[PDB]
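In order of appearance the chains are A, B, C, D, E and F, and numbering begins at 1 in each one.
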Amino acid sequence: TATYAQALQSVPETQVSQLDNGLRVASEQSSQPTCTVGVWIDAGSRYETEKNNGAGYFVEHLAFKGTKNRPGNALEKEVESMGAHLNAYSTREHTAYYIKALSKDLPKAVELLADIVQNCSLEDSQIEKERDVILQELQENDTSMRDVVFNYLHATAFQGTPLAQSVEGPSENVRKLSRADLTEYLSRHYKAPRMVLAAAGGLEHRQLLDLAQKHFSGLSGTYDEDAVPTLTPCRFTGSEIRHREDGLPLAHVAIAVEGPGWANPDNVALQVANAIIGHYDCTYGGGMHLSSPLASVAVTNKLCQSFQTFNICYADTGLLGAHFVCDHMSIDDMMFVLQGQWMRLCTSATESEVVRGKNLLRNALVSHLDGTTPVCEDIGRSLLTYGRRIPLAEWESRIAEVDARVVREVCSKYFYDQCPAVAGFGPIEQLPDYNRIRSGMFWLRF
Amino acid sequence: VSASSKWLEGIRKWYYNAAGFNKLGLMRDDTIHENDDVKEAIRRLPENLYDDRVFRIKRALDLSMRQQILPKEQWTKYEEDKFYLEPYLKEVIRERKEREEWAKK
Amino acid sequence: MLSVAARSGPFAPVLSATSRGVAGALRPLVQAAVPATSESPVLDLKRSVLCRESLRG
Amino acid sequence: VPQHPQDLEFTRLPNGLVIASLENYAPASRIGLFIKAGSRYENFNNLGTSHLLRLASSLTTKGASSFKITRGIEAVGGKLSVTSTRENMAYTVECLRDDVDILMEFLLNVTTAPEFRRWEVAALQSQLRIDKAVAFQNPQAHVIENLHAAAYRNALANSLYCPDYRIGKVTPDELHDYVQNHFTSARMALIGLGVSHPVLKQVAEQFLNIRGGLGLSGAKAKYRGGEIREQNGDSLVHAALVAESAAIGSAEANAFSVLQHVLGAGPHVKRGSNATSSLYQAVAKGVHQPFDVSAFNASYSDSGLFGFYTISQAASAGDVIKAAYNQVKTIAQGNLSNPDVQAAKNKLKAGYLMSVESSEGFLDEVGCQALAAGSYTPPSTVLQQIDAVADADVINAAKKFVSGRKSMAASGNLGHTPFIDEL
Amino acid sequence: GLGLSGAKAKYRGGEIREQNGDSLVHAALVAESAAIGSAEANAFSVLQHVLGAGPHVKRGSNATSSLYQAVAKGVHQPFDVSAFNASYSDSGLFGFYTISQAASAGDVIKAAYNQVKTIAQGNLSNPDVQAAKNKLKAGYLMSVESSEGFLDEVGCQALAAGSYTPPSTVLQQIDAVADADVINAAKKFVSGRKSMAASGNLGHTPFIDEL
Amino acid sequence: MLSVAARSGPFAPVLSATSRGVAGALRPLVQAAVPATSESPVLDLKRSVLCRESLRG
């Protein structure tokens, strides 16, 4: 009808607002009878500093741990008895906390949110016990080894360097957890002005401001003092390591090359580029007909057991690229695939795919916009990073503006002659040297 | 393999009485020079067929070494020859015409 | 007036080639995540999961 | 404002085909086809041919080249998957509305145009073994799914995989037959979301004629209740103990849903004691370690059972599962609050809410409307029917559950577990 | 050493149920017997002989048993049923190992149970009893016998006997054969929870609840 | 006065290295040989059986 762009306009308009702190409250008022009530708990995975290690993960384990205004089982009473939703999704600089609710219920959890906002307590009982549930639950709770895979891509292939810094921090710290980390560094960290007032569902933004004043008001008012540095650019690790395992039965392999992060204007087409990249699913069938030529040969050659373009994020940089799975063989040709495909990419552009992955980002484009919570958090990081929202026709504009000249060129601009991430898991011998694999980082195809 | 085709396919019938194939009792389809298309073409061949062409082929080798041929009676029945692959083959002709097609696309 | 779906955490598979497979079907079973030593794996003869495509306006 | 927002048009084709165009002015494209071809219609003549076909959409098609088909599918780059359910198999296309016709054509092709090529099929075989691999794979695909395989018992457990003994044995005869035997206007449900009821009617008309379904709900699928007993050596034991519920559409069905909520299930807010249920709160008071119990719904129109999926380490299995039954007994005591009942209606009714909800879990939930509802007894009427919540039948129901032969399901060694005869 | 005989090894009786896809079905339906050393043990051995087992002379109708003669009258195709001895000192069961194509499994196995019922009728001859004692007692004979199946039989003495209650005394104890307890026994077998065992698909077979 | 053995056609394995394995144990099951199309195999991914050593004075 009014076409995908005039559908994009025909897709209704979200709105946003700024509460008086300078407080941020944005609204998507919908027909959602329930709603995702984001009280968007903005404490993320990377937001923290060196000796601050773990305090946000602890805080996560501390997030629902119980409080004063609502005790723990009481939080479970208003909340759980309400049958409501809470999450904590922690990211570089920010995070969120959902509330699924009757839009009717809209005030209640807002109230809850506020004490969440405030009354979260460090209880020398809990701090002994729930923090024996933190000391324990956390302490051994670590070991996720796809987080030694995908967060080998994050906790390894993303380095831990002050900017590369990992999430969970030390087990030494796990011993060393402090109220100074919580008594202090919760307060010494948690700072409302950055917190996000996040509105998703059927809703009244006027009422939003209202209840804001009612409960949510009086938050960032106490804020600032010291310690707010910026990101001094540097190099992330730039390496590889095999956790050297005969015990790794089959490679969970991977790779990535810049993934989104918050900032850069480029990633737009890089998105599209990553589209051209694409993720070759093991469970996916149809390899004979597979689109990613890589994927194709991978079928024909039976050339690997997985690859999935995976975008690793930091404002202006990252790595977006394939997971992978393979036996004693693939990796070599894989890069011959991958980098070569990249090489192929860096050269070979044909508008066809450009349009294809354009439609990819279109469908997908829904699938983020489409969905209540995806739209929700989408707002959350949308202003968090952006402070704006790429409108349907704005994102469909630079999107609409998509240019395959910038594919060849801009491709060369970001992509060419670099050393992004590659991490297998397991007996990596097919990993050539940086003097080979990253000699493969260079192209003698020309 | 009959008179026009016993002159012409009677390069395969009377003149493969001369050029041997059908009087050797060969399989028409089997005469296609092996190619990739031919290759996977056969890969898709029918089973009972596969046996058939097998016995044919081997035998051909057999008299070949023997440098003999079957009874001219035993020499193959003219015309009267299923085009074995040609449905399957020609199908593949469309196939590689298809891989070839969207390929062109 | 004809109904198939929703009770959260059982299995009635959903799979494709373009996509991957899964079954989230009616009934529970998802509650197990609690304990300490929360561990979790990767790297040996396995499958994993979780993909999707979602973007923007 | 839309011209007053379009009410989804429910209809049945005069031919006896389910003709559903839900007018959606929404920007995207959502295309359902609900198929009686879900596992119910399945038969012991075959095995996993639905697991198969579930893979075999990609198969060589009549009049459509799975590579060329792959070129159109691959071309628009949209969402097309038929869905594997006990009730249905659902051909789904969510995409830009433009290609819909092509999609529709593809749809029309996808549904109506199998070639079932011997060669192709033979090839397809192995990818199944791969599939079953995924199926059984991980504590989700294993302790949940293979211990669905080790949970699911009856012809519903007729697998999203196939049988091992059946492995590799599929027949193209079984293909053209199977659909010819199974696929039918009896299985025909077409559901538009985003399109012209007129246009969907257009292709629908010039295209879709079919018929031909078949018989019955099961052995009473043989009611062994009782154990599907599995020696596992699961390390931490995975055992799941099966109560029962009620049939789809049964009067008490909703009530069963109550009892579900009564014992409840996974929380909407994470990281909690599971404070909410005698199955949980009294697993809380009751149980000190990893545990889970919950009620299914295996809803035939004919019958039903809501078990308890269970999770715990071996040592307490007698302890827990007995306590389970104990709490069950305790629960069946009829002791209940009113705020139990109402706040329940909040919890579970909200169940119907998010359960109904949003653009994907619209297409999966309001697409379990755009497939799986059939009308709105609205959140008005169905939550009126939900407001028709009544407690006592949950008491007499507590007896009813106490009253039957139900199942136990075993993953592990019972050395600490009960065998349910020794119960 | 150490302790105990089992769960009563958990007496599920009932099916060990196996989907096979066996082509020609392999199903075996389990009656029960008695414990090792039990007074009635020998009697169980009788009942064994009563339904009998594989013949000492090959190629025969299996003319000898209501399980067999009335599998003969009963059954027209490949079939087998026989009684085990799972002899704990504590407990025991003698099933019927069964063999037949799927189609008749309900037919046969039911007939099986039917013949079992028929058998449990207590109808028996005296020459049934005596000529039995010939057949099975001879069972103890070749069962006891010769240099290898000495070492395996008289070596099931040279291991597995422990004395001779001789073919004198044990075949006196065998001569202590008494029929009636095979009647009340016929009831006893009829009286328990026993097992069924499944190799195939039951589409023609009984599930023993539907029994 | 201690007894293990003989009821013909069931299974209580007997195996060795020098020898091969088998179980002939107490209870029947051997009666199946009767029908026409008495067929029987060899030649594909299997084991077979039957050896022994016996001679003379």
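Heads up, the rule we're going with is that a contact is a pair of C-beta atoms (placed from the backbone, for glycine too) under 8 Å apart; a residue touches a chain by one contact, two chains touch by 3 or more.
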Which of D-E and C-D has more C-beta pairs touching across its chains: C-D
Length of the line joining the C-alpha centres of chain A and chain E, rounded to whole Å: 68
Inter-chain centre distance, chain C versus chain F - centres from mean C-alpha coordinates, in Å: 50
Gap in Å, rounded to a whole number, between the CA centres of chain F and chain E: 20
Chain B and chain D, separation of their C-alpha mean positions in angstrom: 54
Per-residue multi-chain contacts in chain D, two or more chains: 55, 58, 67, 71, 74, 79, 134, 270-271
Residues of chain B engaged with two or more neighbouring chains: none
Every chain pair meeting the contact rule: A-C, A-D, B-D, C-D, D-E, E-F
Complex interface listing, chain D residues touching chain C: 10, 18, 34, 38, 51, 54-55, 57-58, 73-74, 79-88, 131, 133-135, 137-141, 143-145, 148, 151-152, 160, 189, 240, 248, 260, 265-266, 270-271, 274, 289-290, 292, 294-297, 299, 306-307, 309, 311, 351, 355, 364-365, 368, 371-375
Complex contacts: residues of chain D adjacent to chain E: 44, 163, 165-166, 219, 222-224, 419, 421-422
Chain C partner contacts - residues on chain A that touch it in the complex: 8, 11, 133, 136-150, 152, 243, 245, 247-252, 271, 279, 281-286, 306, 308, 323, 325, 360-371, 374, 390-396, 399, 425-426
Of all residues in chain D, those that touch chain B in their complex: 65, 67-68, 71, 119
Touching residues (chain side chain B, partner chain D) in the complex: 44, 98-99, 102, 105
